[PDB]
>>> print(open('start29.cif').read())   # mmCIF, N, CA and C atoms
data_final
#
loop_
_atom_site.label_atom_id
_atom_site.label_comp_id
_atom_site.auth_asym_id
_atom_site.auth_seq_id
_atom_site.Cartn_x
_atom_site.Cartn_y
_atom_site.Cartn_z
N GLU A 36 79.67 44.40 51.96
CA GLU A 36 80.63 43.49 52.57
C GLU A 36 81.18 44.10 53.89
N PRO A 37 81.06 43.41 55.06
CA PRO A 37 81.58 44.01 56.31
C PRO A 37 83.10 44.19 56.30
N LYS A 38 83.60 45.15 57.09
CA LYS A 38 85.03 45.47 57.16
C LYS A 38 85.78 44.36 57.91
N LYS A 39 86.61 43.62 57.17
CA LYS A 39 87.40 42.55 57.79
C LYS A 39 88.80 43.00 58.12
N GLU A 40 89.42 42.28 59.05
CA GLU A 40 90.79 42.48 59.52
C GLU A 40 91.48 41.11 59.53
N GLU A 41 92.80 41.07 59.25
CA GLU A 41 93.61 39.85 59.25
C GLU A 41 94.52 39.90 60.44
N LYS A 42 94.51 38.83 61.24
CA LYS A 42 95.26 38.77 62.48
C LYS A 42 95.89 37.39 62.72
N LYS A 43 96.96 37.34 63.52
CA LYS A 43 97.61 36.09 63.93
C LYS A 43 97.86 36.15 65.44
N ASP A 44 97.33 35.17 66.19
CA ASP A 44 97.53 35.12 67.64
C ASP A 44 98.86 34.50 68.00
N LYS A 45 99.45 34.96 69.11
CA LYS A 45 100.73 34.46 69.61
C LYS A 45 100.48 33.50 70.78
N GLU A 46 101.16 32.37 70.76
CA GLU A 46 101.04 31.37 71.81
C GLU A 46 101.85 31.80 73.04
N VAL A 47 101.21 31.78 74.24
CA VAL A 47 101.91 32.04 75.51
C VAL A 47 102.77 30.79 75.81
N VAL A 48 104.05 30.97 76.11
CA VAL A 48 104.96 29.88 76.47
C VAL A 48 105.46 30.18 77.89
N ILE A 49 105.19 29.26 78.84
CA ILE A 49 105.61 29.40 80.24
C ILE A 49 107.12 29.57 80.28
N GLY A 50 107.58 30.60 80.97
CA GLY A 50 108.99 30.92 81.14
C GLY A 50 109.64 31.69 80.01
N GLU A 51 108.88 32.06 78.98
CA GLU A 51 109.41 32.81 77.85
C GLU A 51 109.06 34.28 77.98
N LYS A 52 110.04 35.18 77.80
CA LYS A 52 109.83 36.62 77.86
C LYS A 52 108.93 37.13 76.73
N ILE A 53 107.97 37.99 77.07
CA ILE A 53 107.12 38.69 76.11
C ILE A 53 107.57 40.14 76.22
N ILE A 54 108.03 40.73 75.11
CA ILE A 54 108.65 42.05 75.17
C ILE A 54 107.95 43.10 74.33
N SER A 55 107.90 44.31 74.90
CA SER A 55 107.48 45.56 74.27
C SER A 55 108.56 46.60 74.58
N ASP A 56 108.42 47.82 74.05
CA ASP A 56 109.35 48.92 74.31
C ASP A 56 109.16 49.48 75.74
N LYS A 57 108.17 48.97 76.50
CA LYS A 57 107.91 49.48 77.84
C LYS A 57 108.24 48.46 78.92
N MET A 58 108.09 47.17 78.62
CA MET A 58 108.28 46.14 79.65
C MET A 58 108.53 44.75 79.07
N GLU A 59 108.93 43.84 79.95
CA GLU A 59 109.11 42.42 79.69
C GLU A 59 108.22 41.66 80.65
N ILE A 60 107.39 40.76 80.12
CA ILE A 60 106.48 39.95 80.93
C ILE A 60 106.87 38.50 80.78
N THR A 61 107.09 37.81 81.90
CA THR A 61 107.38 36.38 81.85
C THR A 61 106.31 35.68 82.68
N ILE A 62 105.46 34.86 82.04
CA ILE A 62 104.47 34.09 82.79
C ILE A 62 105.16 32.81 83.24
N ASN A 63 105.26 32.62 84.56
CA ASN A 63 105.97 31.49 85.19
C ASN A 63 105.09 30.35 85.61
N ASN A 64 103.78 30.62 85.89
CA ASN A 64 102.90 29.55 86.35
C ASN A 64 101.45 29.87 86.05
N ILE A 65 100.70 28.85 85.62
CA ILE A 65 99.27 29.00 85.33
C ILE A 65 98.59 27.80 85.96
N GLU A 66 97.74 28.03 86.98
CA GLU A 66 97.08 26.91 87.67
C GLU A 66 95.73 27.28 88.28
N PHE A 67 94.91 26.26 88.54
CA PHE A 67 93.69 26.45 89.31
C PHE A 67 94.09 26.49 90.78
N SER A 68 93.38 27.29 91.58
CA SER A 68 93.71 27.42 92.99
C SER A 68 92.51 27.80 93.82
N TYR A 69 92.39 27.18 95.00
CA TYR A 69 91.35 27.54 95.96
C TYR A 69 91.85 28.55 96.99
N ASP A 70 93.13 28.90 96.91
CA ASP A 70 93.76 29.84 97.82
C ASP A 70 95.04 30.43 97.21
N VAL A 71 94.96 31.67 96.75
CA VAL A 71 96.09 32.36 96.12
C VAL A 71 96.98 32.89 97.24
N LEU A 72 98.15 32.27 97.40
CA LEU A 72 99.10 32.58 98.45
C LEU A 72 100.29 33.34 97.93
N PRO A 73 100.75 34.34 98.70
CA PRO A 73 101.92 35.11 98.25
C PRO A 73 103.18 34.26 98.28
N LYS A 74 104.18 34.63 97.48
CA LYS A 74 105.46 33.91 97.45
C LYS A 74 106.21 34.03 98.78
N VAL A 75 106.16 35.22 99.41
CA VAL A 75 106.84 35.50 100.69
C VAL A 75 105.77 35.75 101.76
N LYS A 76 105.79 34.95 102.85
CA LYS A 76 104.79 35.05 103.91
C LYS A 76 105.45 34.76 105.27
N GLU A 77 106.41 35.63 105.63
CA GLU A 77 107.23 35.55 106.84
C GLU A 77 106.44 35.85 108.14
N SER A 78 105.48 36.81 108.13
CA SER A 78 104.71 37.16 109.32
C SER A 78 103.23 37.25 108.95
N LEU A 79 102.57 38.40 109.22
CA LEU A 79 101.19 38.57 108.80
C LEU A 79 101.19 38.77 107.28
N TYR A 80 100.36 38.00 106.57
CA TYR A 80 100.31 38.14 105.12
C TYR A 80 98.89 38.17 104.63
N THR A 81 98.72 38.79 103.46
CA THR A 81 97.45 38.83 102.77
C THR A 81 97.40 37.60 101.83
N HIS A 82 96.22 37.00 101.67
CA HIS A 82 96.02 35.92 100.71
C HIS A 82 94.58 36.00 100.18
N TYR A 83 94.28 35.28 99.11
CA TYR A 83 92.97 35.34 98.48
C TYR A 83 92.33 33.96 98.41
N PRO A 84 91.55 33.57 99.46
CA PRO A 84 90.91 32.25 99.41
C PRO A 84 89.67 32.31 98.52
N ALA A 85 89.43 31.24 97.77
CA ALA A 85 88.24 31.19 96.91
C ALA A 85 86.99 30.98 97.77
N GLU A 86 85.91 31.70 97.44
CA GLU A 86 84.60 31.55 98.09
C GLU A 86 84.06 30.15 97.71
N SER A 87 83.19 29.59 98.56
CA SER A 87 82.57 28.28 98.36
C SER A 87 81.93 28.18 96.95
N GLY A 88 82.21 27.09 96.24
CA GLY A 88 81.72 26.88 94.87
C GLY A 88 82.49 27.64 93.80
N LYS A 89 83.53 28.41 94.19
CA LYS A 89 84.36 29.17 93.25
C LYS A 89 85.78 28.60 93.20
N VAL A 90 86.52 28.98 92.16
CA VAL A 90 87.92 28.61 91.98
C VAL A 90 88.63 29.80 91.31
N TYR A 91 89.91 29.97 91.62
CA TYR A 91 90.72 30.95 90.94
C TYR A 91 91.54 30.29 89.87
N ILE A 92 91.73 31.02 88.76
CA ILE A 92 92.78 30.80 87.79
C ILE A 92 93.88 31.75 88.28
N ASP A 93 95.03 31.19 88.64
CA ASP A 93 96.14 31.97 89.18
C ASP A 93 97.29 31.99 88.17
N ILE A 94 97.55 33.16 87.59
CA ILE A 94 98.61 33.35 86.61
C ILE A 94 99.71 34.15 87.28
N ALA A 95 100.86 33.52 87.52
CA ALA A 95 101.99 34.18 88.20
C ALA A 95 102.99 34.68 87.16
N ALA A 96 103.36 35.95 87.26
CA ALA A 96 104.27 36.53 86.27
C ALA A 96 105.28 37.49 86.91
N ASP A 97 106.40 37.68 86.21
CA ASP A 97 107.45 38.65 86.53
C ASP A 97 107.34 39.76 85.51
N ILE A 98 107.33 41.00 85.99
CA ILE A 98 107.22 42.18 85.14
C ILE A 98 108.48 43.01 85.33
N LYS A 99 109.24 43.20 84.25
CA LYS A 99 110.43 44.06 84.28
C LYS A 99 110.09 45.35 83.56
N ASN A 100 110.19 46.49 84.27
CA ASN A 100 109.99 47.82 83.68
C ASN A 100 111.27 48.19 82.94
N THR A 101 111.21 48.39 81.62
CA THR A 101 112.44 48.71 80.89
C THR A 101 112.50 50.20 80.52
N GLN A 102 111.53 51.00 80.99
CA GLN A 102 111.48 52.45 80.72
C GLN A 102 112.33 53.24 81.70
N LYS A 103 112.57 54.54 81.40
CA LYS A 103 113.28 55.46 82.30
C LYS A 103 112.27 56.06 83.32
N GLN A 104 110.99 55.79 83.16
CA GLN A 104 109.97 56.26 84.10
C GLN A 104 109.35 55.06 84.81
N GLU A 105 108.80 55.30 86.00
CA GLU A 105 108.08 54.35 86.85
C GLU A 105 106.90 53.73 86.09
N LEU A 106 106.65 52.45 86.32
CA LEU A 106 105.54 51.73 85.70
C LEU A 106 104.51 51.40 86.77
N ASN A 107 103.26 51.94 86.64
CA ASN A 107 102.18 51.64 87.58
C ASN A 107 101.71 50.21 87.38
N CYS A 108 101.46 49.48 88.47
CA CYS A 108 101.00 48.10 88.38
C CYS A 108 99.54 47.99 87.89
N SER A 109 98.82 49.13 87.81
CA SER A 109 97.45 49.16 87.30
C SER A 109 97.49 49.13 85.76
N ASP A 110 98.67 49.42 85.16
CA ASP A 110 98.88 49.44 83.70
C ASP A 110 99.37 48.09 83.13
N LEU A 111 99.06 46.98 83.82
CA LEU A 111 99.51 45.69 83.35
C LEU A 111 98.35 44.98 82.61
N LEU A 112 98.49 43.69 82.31
CA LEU A 112 97.50 42.92 81.54
C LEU A 112 96.15 42.76 82.21
N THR A 113 95.10 42.61 81.40
CA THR A 113 93.80 42.14 81.78
C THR A 113 93.68 40.81 81.05
N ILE A 114 93.67 39.69 81.79
CA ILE A 114 93.58 38.37 81.15
C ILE A 114 92.15 37.87 81.23
N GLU A 115 91.64 37.43 80.08
CA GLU A 115 90.31 36.85 79.99
C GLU A 115 90.38 35.33 79.92
N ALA A 116 89.56 34.65 80.73
CA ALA A 116 89.42 33.20 80.62
C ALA A 116 88.12 32.96 79.85
N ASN A 117 88.24 32.33 78.68
CA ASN A 117 87.08 31.98 77.86
C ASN A 117 86.79 30.48 78.07
N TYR A 118 85.79 30.18 78.89
CA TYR A 118 85.41 28.83 79.23
C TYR A 118 84.29 28.30 78.33
N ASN A 119 84.48 27.08 77.80
CA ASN A 119 83.45 26.35 77.03
C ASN A 119 82.77 27.22 75.95
N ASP A 120 83.59 27.87 75.13
CA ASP A 120 83.18 28.71 74.00
C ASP A 120 82.15 29.83 74.38
N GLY A 121 82.59 30.81 75.17
CA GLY A 121 81.76 31.97 75.45
C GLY A 121 81.44 32.36 76.88
N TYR A 122 81.81 31.54 77.89
CA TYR A 122 81.57 31.90 79.29
C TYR A 122 82.85 32.57 79.75
N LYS A 123 82.83 33.90 79.87
CA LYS A 123 84.05 34.68 80.07
C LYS A 123 84.18 35.33 81.42
N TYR A 124 85.42 35.27 81.96
CA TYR A 124 85.80 35.80 83.30
C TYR A 124 87.11 36.56 83.10
N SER A 125 87.24 37.73 83.73
CA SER A 125 88.45 38.55 83.57
C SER A 125 89.22 38.69 84.88
N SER A 126 90.53 38.87 84.75
CA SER A 126 91.46 38.97 85.88
C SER A 126 91.49 40.29 86.62
N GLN A 127 92.07 40.19 87.81
CA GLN A 127 92.42 41.30 88.69
C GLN A 127 93.89 41.15 88.98
N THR A 128 94.62 42.25 89.11
CA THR A 128 96.06 42.16 89.37
C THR A 128 96.36 42.38 90.84
N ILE A 129 97.21 41.53 91.40
CA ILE A 129 97.70 41.67 92.77
C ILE A 129 99.23 41.65 92.64
N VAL A 130 99.92 42.29 93.57
CA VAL A 130 101.37 42.46 93.48
C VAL A 130 102.07 41.78 94.66
N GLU A 131 103.12 41.01 94.36
CA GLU A 131 103.95 40.35 95.38
C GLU A 131 104.59 41.41 96.27
N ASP A 132 104.59 41.19 97.59
CA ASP A 132 105.18 42.12 98.53
C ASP A 132 106.03 41.36 99.54
N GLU A 133 107.27 41.80 99.77
CA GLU A 133 108.17 41.10 100.71
C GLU A 133 107.72 41.23 102.17
N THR A 134 106.86 42.20 102.51
CA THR A 134 106.44 42.43 103.89
C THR A 134 105.02 41.93 104.18
N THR A 135 104.06 42.26 103.30
CA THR A 135 102.65 41.94 103.56
C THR A 135 102.11 40.80 102.70
N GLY A 136 102.98 40.11 101.98
CA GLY A 136 102.59 39.01 101.09
C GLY A 136 102.18 39.53 99.73
N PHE A 137 101.07 40.28 99.71
CA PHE A 137 100.54 40.99 98.55
C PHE A 137 100.13 42.40 98.88
N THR A 138 99.95 43.22 97.83
CA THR A 138 99.33 44.55 97.81
C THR A 138 98.39 44.60 96.57
N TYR A 139 97.50 45.60 96.50
CA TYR A 139 96.67 45.70 95.31
C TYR A 139 97.49 46.47 94.22
N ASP A 140 97.06 46.38 92.94
CA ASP A 140 97.79 46.97 91.81
C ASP A 140 97.78 48.52 91.78
N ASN A 141 96.77 49.16 92.40
CA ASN A 141 96.56 50.62 92.36
C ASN A 141 97.55 51.47 93.18
N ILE A 142 98.15 50.91 94.25
CA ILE A 142 99.06 51.67 95.11
C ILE A 142 100.55 51.32 94.85
N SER A 143 100.84 50.47 93.85
CA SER A 143 102.21 50.00 93.62
C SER A 143 102.75 50.31 92.21
N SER A 144 104.05 50.62 92.15
CA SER A 144 104.75 50.92 90.91
C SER A 144 106.12 50.21 90.85
N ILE A 145 106.62 50.00 89.62
CA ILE A 145 107.89 49.33 89.34
C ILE A 145 108.87 50.38 88.90
N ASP A 146 110.02 50.47 89.61
CA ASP A 146 111.08 51.41 89.26
C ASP A 146 111.68 51.09 87.89
N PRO A 147 112.30 52.08 87.23
CA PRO A 147 113.04 51.77 85.99
C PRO A 147 114.03 50.61 86.23
N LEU A 148 113.97 49.58 85.36
CA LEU A 148 114.85 48.38 85.31
C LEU A 148 114.61 47.38 86.47
N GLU A 149 113.59 47.63 87.29
CA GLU A 149 113.22 46.72 88.37
C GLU A 149 112.29 45.61 87.84
N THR A 150 112.40 44.40 88.41
CA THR A 150 111.50 43.28 88.11
C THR A 150 110.64 43.03 89.37
N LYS A 151 109.32 42.96 89.19
CA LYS A 151 108.38 42.72 90.27
C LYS A 151 107.48 41.55 89.91
N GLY A 152 107.19 40.72 90.90
CA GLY A 152 106.28 39.60 90.73
C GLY A 152 104.85 40.08 90.88
N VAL A 153 103.94 39.57 90.05
CA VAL A 153 102.52 39.89 90.10
C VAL A 153 101.72 38.59 89.94
N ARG A 154 100.42 38.67 90.22
CA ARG A 154 99.49 37.57 90.00
C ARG A 154 98.26 38.13 89.30
N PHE A 155 97.84 37.49 88.22
CA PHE A 155 96.59 37.85 87.54
C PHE A 155 95.64 36.77 87.96
N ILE A 156 94.62 37.12 88.74
CA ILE A 156 93.73 36.10 89.30
C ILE A 156 92.31 36.28 88.76
N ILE A 157 91.71 35.15 88.36
CA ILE A 157 90.38 35.12 87.72
C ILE A 157 89.43 34.28 88.56
N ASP A 158 88.36 34.92 89.05
CA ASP A 158 87.35 34.26 89.89
C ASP A 158 86.33 33.55 88.99
N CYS A 159 86.29 32.20 89.04
CA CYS A 159 85.43 31.38 88.20
C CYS A 159 84.51 30.50 89.02
N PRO A 160 83.36 30.05 88.46
CA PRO A 160 82.63 28.95 89.11
C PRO A 160 83.52 27.69 89.07
N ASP A 161 83.39 26.82 90.08
CA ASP A 161 84.23 25.63 90.22
C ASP A 161 84.25 24.70 88.97
N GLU A 162 83.16 24.62 88.17
CA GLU A 162 83.14 23.72 87.01
C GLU A 162 84.22 24.07 85.95
N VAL A 163 84.71 25.32 85.95
CA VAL A 163 85.77 25.75 85.03
C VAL A 163 87.00 24.86 85.29
N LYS A 164 87.24 24.50 86.56
CA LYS A 164 88.34 23.61 86.90
C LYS A 164 87.96 22.12 86.69
N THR A 165 86.83 21.69 87.26
CA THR A 165 86.46 20.28 87.37
C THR A 165 85.86 19.65 86.10
N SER A 166 85.29 20.43 85.15
CA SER A 166 84.75 19.81 83.94
C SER A 166 85.86 19.44 82.96
N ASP A 167 85.48 18.81 81.84
CA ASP A 167 86.41 18.46 80.77
C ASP A 167 86.35 19.54 79.66
N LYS A 168 85.57 20.62 79.90
CA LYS A 168 85.32 21.65 78.91
C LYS A 168 86.51 22.63 78.80
N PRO A 169 86.75 23.18 77.59
CA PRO A 169 87.98 23.97 77.40
C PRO A 169 88.03 25.33 78.09
N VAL A 170 89.27 25.76 78.36
CA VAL A 170 89.60 27.06 78.97
C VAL A 170 90.68 27.68 78.12
N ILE A 171 90.36 28.79 77.46
CA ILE A 171 91.35 29.51 76.69
C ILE A 171 91.61 30.85 77.37
N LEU A 172 92.85 31.09 77.74
CA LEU A 172 93.24 32.38 78.31
C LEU A 172 93.72 33.28 77.19
N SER A 173 93.40 34.59 77.24
CA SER A 173 93.94 35.51 76.23
C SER A 173 94.13 36.91 76.82
N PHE A 174 94.95 37.72 76.16
CA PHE A 174 95.17 39.12 76.50
C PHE A 174 95.77 39.81 75.30
N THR A 175 95.58 41.13 75.23
CA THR A 175 96.19 41.98 74.21
C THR A 175 97.34 42.71 74.89
N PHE A 176 98.53 42.62 74.30
CA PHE A 176 99.73 43.28 74.81
C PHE A 176 100.49 43.84 73.65
N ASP A 177 100.72 45.16 73.69
CA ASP A 177 101.48 45.93 72.70
C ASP A 177 101.08 45.56 71.25
N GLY A 178 99.78 45.63 70.97
CA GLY A 178 99.22 45.38 69.64
C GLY A 178 99.11 43.94 69.16
N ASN A 179 99.33 42.96 70.04
CA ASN A 179 99.20 41.55 69.66
C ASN A 179 98.34 40.79 70.65
N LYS A 180 97.60 39.79 70.15
CA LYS A 180 96.77 38.94 70.99
C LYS A 180 97.59 37.70 71.35
N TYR A 181 97.63 37.38 72.64
CA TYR A 181 98.32 36.24 73.23
C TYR A 181 97.29 35.26 73.72
N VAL A 182 97.50 33.97 73.43
CA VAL A 182 96.54 32.92 73.79
C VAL A 182 97.23 31.76 74.52
N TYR A 183 96.51 31.15 75.48
CA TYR A 183 97.01 30.00 76.21
C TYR A 183 95.87 28.99 76.40
N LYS A 184 96.05 27.76 75.91
CA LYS A 184 95.01 26.75 76.07
C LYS A 184 95.27 26.05 77.39
N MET A 185 94.48 26.41 78.40
CA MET A 185 94.65 25.88 79.75
C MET A 185 94.14 24.45 79.85
N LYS A 186 93.05 24.16 79.13
CA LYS A 186 92.48 22.82 79.03
C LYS A 186 91.44 22.78 77.93
#
>>> encode(input="start29.cif", output="structure tokens")
Amino acid sequence: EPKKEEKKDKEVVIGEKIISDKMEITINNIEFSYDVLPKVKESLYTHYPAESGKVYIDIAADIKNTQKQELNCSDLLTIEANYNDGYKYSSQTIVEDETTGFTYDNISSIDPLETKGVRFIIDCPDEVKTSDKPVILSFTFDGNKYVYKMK
């Protein structure tokens, strides 16, 4: 008999805090996008336009570091989009910046008790948006699986 495990997935609720002993994650927006634009774009800004025939899944979140030590933005979620039962695409993290629009996750950190905006972006073929076929988002955070039925 193979080794089985018993598990229960948690539903992602937009605007609801997800908490661990290290951080608080609030997912504020989940949408398809052909151009991932930063929240603040006062002068020259970085943005992520989708390549022809592609679409982004743009997941916007607030991350509050609740530790006494700095939190690296490379240590955040990896979100998987599971399209039409098995066609899988994984996210990249970008960080909101008041000066340059965005920065990459590798050069940025969150101070103790600071909240920073981030984007988890998933590069998909365009049919992930335009078909009627399902999209399930998921991630593992602090020992639990989180799921979101996008369509």
>>> resolve_selection(input="start29.cif", expression="the PyMOL selection byres (((chain A and resi 146 and name CA) around 8) and name CA)", output="PDB file with N, CA and C atoms, keeping the file's coordinate frame")
ATOM      1  N   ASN A 100     110.190  46.490  84.270  1.00  0.00           N
ATOM      2  CA  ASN A 100     109.990  47.820  83.680  1.00  0.00           C
ATOM      3  C   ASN A 100     111.270  48.190  82.940  1.00  0.00           C
ATOM      4  N   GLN A 104     110.990  55.790  83.160  1.00  0.00           N
ATOM      5  CA  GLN A 104     109.970  56.260  84.100  1.00  0.00           C
ATOM      6  C   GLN A 104     109.350  55.060  84.810  1.00  0.00           C
ATOM      7  N   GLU A 105     108.800  55.300  86.000  1.00  0.00           N
ATOM      8  CA  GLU A 105     108.080  54.350  86.850  1.00  0.00           C
ATOM      9  C   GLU A 105     106.900  53.730  86.090  1.00  0.00           C
ATOM     10  N   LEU A 106     106.650  52.450  86.320  1.00  0.00           N
ATOM     11  CA  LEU A 106     105.540  51.730  85.700  1.00  0.00           C
ATOM     12  C   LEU A 106     104.510  51.400  86.770  1.00  0.00           C
ATOM     13  N   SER A 144     104.050  50.620  92.150  1.00  0.00           N
ATOM     14  CA  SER A 144     104.750  50.920  90.910  1.00  0.00           C
ATOM     15  C   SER A 144     106.120  50.210  90.850  1.00  0.00           C
ATOM     16  N   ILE A 145     106.620  50.000  89.620  1.00  0.00           N
ATOM     17  CA  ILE A 145     107.890  49.330  89.340  1.00  0.00           C
ATOM     18  C   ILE A 145     108.870  50.380  88.900  1.00  0.00           C
ATOM     19  N   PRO A 147     112.300  52.080  87.230  1.00  0.00           N
ATOM     20  CA  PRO A 147     113.040  51.770  85.990  1.00  0.00           C
ATOM     21  C   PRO A 147     114.030  50.610  86.230  1.00  0.00           C
ATOM     22  N   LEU A 148     113.970  49.580  85.360  1.00  0.00           N
ATOM     23  CA  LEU A 148     114.850  48.380  85.310  1.00  0.00           C
ATOM     24  C   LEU A 148     114.610  47.380  86.470  1.00  0.00           C
ATOM     25  N   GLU A 149     113.590  47.630  87.290  1.00  0.00           N
ATOM     26  CA  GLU A 149     113.220  46.720  88.370  1.00  0.00           C
ATOM     27  C   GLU A 149     112.290  45.610  87.840  1.00  0.00           C
TER      28      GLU A 149
END
>>> closest_atom_pairs(input="start29.cif", of="range 37-153 of chain A", to="range 174-179 of chain A", cutoff="6 Å", atoms="only N, CA and C atoms", output="JSON lines")
{"residue": "A:113", "atom": "C", "partner": "A:174", "partner_atom": "CA", "distance": 5.1}
{"residue": "A:114", "atom": "CA", "partner": "A:174", "partner_atom": "CA", "distance": 5.0}
{"residue": "A:115", "atom": "N", "partner": "A:174", "partner_atom": "N", "distance": 5.1}
>>> select_by_dssp(input="start29.cif", residues="chain A", states="strand (DSSP E)", output="PyMOL selection string")
chain A and resi 45-46+52-54+58-68+70-71+83-84+89-100+106-107+115-118+122-125+127-132+136-139+144-145+150-160+170-176+179-184
>>> atom_distance(input="start29.cif", atom1="atom N of residue 57 in chain A", atom2="atom N of residue 117 in chain A")
26.1 Å
>>> closest_residue(input="start29.cif", among="A:54, A:85, A:112, A:60", to="residue 151 in chain A", atoms="only C-alpha atoms")
A:60
>>> resolve_selection(input="start29.cif", expression="the PyMOL selection byres ((chain A and resi 134) around 8)", output="VMD selection string")
chain A and resid 75 to 81 131 to 133 135 to 137
>>> atom_distance(input="start29.cif", atom1="atom C of residue 126 in chain A", atom2="CA of residue 102 in chain A")
24.1 Å
>>> build_atoms(input="start29.cif", residues="range 137-153 of chain A", atoms="N, CA, C and O atoms", output="short mmCIF file (atom, residue, chain, number, x, y, z; two decimals), in the coordinates of the input")
data_model
loop_
_atom_site.label_atom_id
_atom_site.label_comp_id
_atom_site.auth_asym_id
_atom_site.auth_seq_id
_atom_site.Cartn_x
_atom_site.Cartn_y
_atom_site.Cartn_z
N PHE A 137 101.07 40.28 99.71
CA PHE A 137 100.54 40.99 98.55
C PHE A 137 100.13 42.40 98.88
O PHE A 137 99.89 42.72 100.04
N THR A 138 99.95 43.22 97.83
CA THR A 138 99.33 44.55 97.81
C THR A 138 98.39 44.60 96.57
O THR A 138 98.49 43.76 95.67
N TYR A 139 97.50 45.60 96.50
CA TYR A 139 96.67 45.70 95.31
C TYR A 139 97.49 46.47 94.22
O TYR A 139 98.53 47.05 94.53
N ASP A 140 97.06 46.38 92.94
CA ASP A 140 97.79 46.97 91.81
C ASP A 140 97.78 48.52 91.78
O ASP A 140 98.68 49.11 91.17
N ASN A 141 96.77 49.16 92.40
CA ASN A 141 96.56 50.62 92.36
C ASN A 141 97.55 51.47 93.18
O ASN A 141 97.75 52.64 92.85
N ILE A 142 98.15 50.91 94.25
CA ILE A 142 99.06 51.67 95.11
C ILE A 142 100.55 51.32 94.85
O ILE A 142 101.42 51.85 95.56
N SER A 143 100.84 50.47 93.85
CA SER A 143 102.21 50.00 93.62
C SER A 143 102.75 50.31 92.21
O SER A 143 102.02 50.26 91.23
N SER A 144 104.05 50.62 92.15
CA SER A 144 104.75 50.92 90.91
C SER A 144 106.12 50.21 90.85
O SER A 144 106.67 49.81 91.87
N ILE A 145 106.62 50.00 89.62
CA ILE A 145 107.89 49.33 89.34
C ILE A 145 108.87 50.38 88.90
O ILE A 145 108.60 51.12 87.94
N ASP A 146 110.02 50.47 89.61
CA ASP A 146 111.08 51.41 89.26
C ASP A 146 111.68 51.09 87.89
O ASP A 146 111.63 49.94 87.46
N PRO A 147 112.30 52.08 87.23
CA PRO A 147 113.04 51.77 85.99
C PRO A 147 114.03 50.61 86.23
O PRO A 147 114.77 50.62 87.22
N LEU A 148 113.97 49.58 85.36
CA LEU A 148 114.85 48.38 85.31
C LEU A 148 114.61 47.38 86.47
O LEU A 148 115.30 46.37 86.57
N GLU A 149 113.59 47.63 87.29
CA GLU A 149 113.22 46.72 88.37
C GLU A 149 112.29 45.61 87.84
O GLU A 149 111.49 45.84 86.94
N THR A 150 112.40 44.40 88.41
CA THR A 150 111.50 43.28 88.11
C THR A 150 110.64 43.03 89.37
O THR A 150 111.17 42.94 90.47
N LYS A 151 109.32 42.96 89.19
CA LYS A 151 108.38 42.72 90.27
C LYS A 151 107.48 41.55 89.91
O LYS A 151 107.05 41.43 88.75
N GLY A 152 107.19 40.72 90.90
CA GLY A 152 106.28 39.60 90.73
C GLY A 152 104.85 40.08 90.88
O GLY A 152 104.55 40.92 91.74
N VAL A 153 103.94 39.57 90.05
CA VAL A 153 102.52 39.89 90.10
C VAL A 153 101.72 38.59 89.94
O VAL A 153 102.27 37.55 89.56
#
